[PDB]
C-alpha cells in the first residue's frame, strides 16, 4: 500500500567510516563516499551521513564530505552530527546536502527547526528523537543518550511537527546495540500523534524486523551496522519486503 523507504546511516570520524564495512569489492571499504555510492546503486533509497569528528576540523570535514557525496551520488542524503545553529545547517545544505538531521540543538532551541525550514523548506529538516522508557513513560534524551530531558516523547513529537520539521527519525535507546528488532511499541505510540513521516532507527537484526516496523506504522526504516557488516543484504531485503506486500522501490 503506502510507499516505504529503506535508509542507510554511515557514522564518520576524521573523514572515515567508523568500523568500516565488509564489502571487499570496494577500493576503500572505509571511504564513506565510495560506500555511500555503492549503497545507492544496490537499492538504498536515502543515505544519512553522521559525523563525530571531535576535533576543530569538524566544520570543514563535514563540508568536504557533503560536497564529495553530492558529486558522486544521485539519491537524497542527510548530514548530521552536532549541527547546532542555522548557519551551520545552511552551509551544509548549500554545499550539497538535501537535508540536515538535528537533535539536541533542536530540543534546546525548537525555533531552530522553524529557522531552517523557513529558508530551505520543511522537507530539508529531519529531527532525530532519541527516546527511552523511564518509570513507565517515553522520555526524550539528548547528548547522545546522556541526558534525560524530562520532556515526554508525546509532547516533543507534537512540538516538532508544529515547528515545521519534515520528518522524524525515532531512535529507541531501549534497542541500542540490540538485534532483537525495532521498537514497534514506540513506533505505534508515536504514529497517531503526527502526520509526519516516521523513520525507525535502532534494533534491526534481520529482514523480518523491517516488515514489523512497517506494520507498526513507520514510513521508513534506517539501519547501519547490519548493512555494513552484511548481516542483511539490501537487495534481498527489498525483495523480501516486496514479496510480502510492502510497497518498496524495486
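In this text, the rigid core denotes the largest set of C-alpha atoms whose superposition between the two forms falls within 1.5 Å. Residue numbers count along the first chain shown, from 1.
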- Note on the structure: In terms of RMS C-alpha distance in 6 other deposited structures of this protein following rigid core superposition, 211-219 and 50-58 differ, and the farther one is 50-58
- Note on the structure: Mean Cα B-factor check, 22-30 vs 47-55, entry values; winner is 22-30
- Out of 236-244 and 13-21, which stretch has the higher average CA B-factor listed in the record? 13-21
- Message: Checking the record values for 135, 101, 98, 85, which has the greatest CA B factor?
- Response: 135
- Query: What's the residue among 186, 198, 70, 215 with the greatest CA temperature factor in the PDB record?
  - Reply: 70
- Message: For the chain shown, is the CA B-factor of residue 223 in the lowest, middle or highest third of its modelled residues?
- Response: lowest
- Message: Please place residue 176 in the lowest, middle or highest third of its chain according to the CA B-factor in the PDB entry.
- Response: highest
- Item | Third of the chain's Cα B-factor distribution that residue 190 belongs to, per the entry | lowest
- Task: Would you mind checking where the Cα B-factor of residue 74 ranks among the modelled residues of its chain, as the lowest, middle or highest third?
- Result: highest
